[PDB]
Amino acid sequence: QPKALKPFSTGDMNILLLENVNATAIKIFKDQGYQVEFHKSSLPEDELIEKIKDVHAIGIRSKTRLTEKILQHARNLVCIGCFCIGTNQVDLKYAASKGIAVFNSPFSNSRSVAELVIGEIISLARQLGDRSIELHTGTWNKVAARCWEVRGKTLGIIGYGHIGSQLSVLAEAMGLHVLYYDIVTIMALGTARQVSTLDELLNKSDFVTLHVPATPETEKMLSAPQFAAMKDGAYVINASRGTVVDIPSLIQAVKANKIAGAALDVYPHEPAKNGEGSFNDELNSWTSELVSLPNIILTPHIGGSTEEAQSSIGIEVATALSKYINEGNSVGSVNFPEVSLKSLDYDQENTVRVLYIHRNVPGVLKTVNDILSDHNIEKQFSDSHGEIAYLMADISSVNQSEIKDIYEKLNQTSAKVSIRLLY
């Protein structure tokens, strides 16, 4: 059985959710007794600074920029939830220096990207995109030439991680052979086979799919030589990062009848907001040329744009913020020492949890364990991350009177960054 913990003082917890986090997060926060403010869009800096001064936790996504300019006004902010993969929109170092833990959902889009690729393998192999554009404009063009059953073909997976490995099992289920290249040796799932070099994957694959991070080594890793290494009439699918494919080379290989089709979800330059005129030659010089090619599927970075994906994002990040607020748990934080302890058995009464964010300088634990020396330390865990560190301690026989004293002593320590007490 578990022991629910409360925060000494503070009053009700205030959550600010921006950019339309999924309702699963809203339900979780409300079920904690938190007060939730929800917005479907981001906020202008003025409205955001005003709303953030008294907020305890903020949930954002890709567009909201939490810089020092806005975080300096965050008086009560305990943690930040990024309900997405990227954390670049948050000044992680500054947030850490003020004891604000930041969380994300890194792998919540794996299934959605994998299902996307399965659909696009089939669409490219059958030219569904072109056929449907044709009928929507009156053209009847029944084509069986060079249209393929996906059964029996070979899928080349570049990057056999979270997405690649799930795509592997789906591809075999559809009857594909799976070859994968990766810069590390990975145990294959099902009947997939890893190949030593990229060129072997390119030579032997009918479908080439990219699921790699953005690194200097992945920058334009598929260009003219790599397209030349592929099979005549093979297919390229890129739902990874916009830098991984050299688009001019792809346009050339397609225009030269070397590549039979392509599906692009990511681009070197992408619009900051949705709009009618946003995808054009000013954004990417080759756009008007890319748009003129047959059997290219273009998607506005929708690799993770599903209800389920956002629902999983909601649960992971809301649960994470909930465990950090209610317990202290920082595991999985992107800028913060990863610290946690087993929850309390409910019957362990008069037990208090000390959450002490401080500077990573000698003597701090000396000070803190002195302050706590009149009580039995049941459990203690302290870890450091750069110039900050984080201490969790469970103390045994503490009554209401001595919580104020233990708290006020810790709040007066020289190395303190942030202190919370949990009942």
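Numbering starts at 1 and runs along the sequence shown.
Look at the C-alpha B-factors of 43-51 and of 353-361. On average they run higher in 43-51. The mean C-alpha temperature factor is higher for 318-326 when 120-128 and 318-326 are set side by side. When the C-alpha B-factors of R111, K273, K142, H136 are ranked from the entry, the top spot goes to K273.
Ranked by C-alpha B-factor against the other modelled residues of its chain, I183 falls in the middle third. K98 sits in the lowest third of its chain by CA B factor, as recorded in the PDB entry. In this PDB entry, the Cα temperature factor of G161 sits in the middle third of its chain's modelled residues. For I377, the recorded CA temperature factor ranks within the highest third of the chain's modelled residues. Among the modelled residues of its chain, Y390 has a C-alpha B-factor that falls in the lowest third according to the deposited record.
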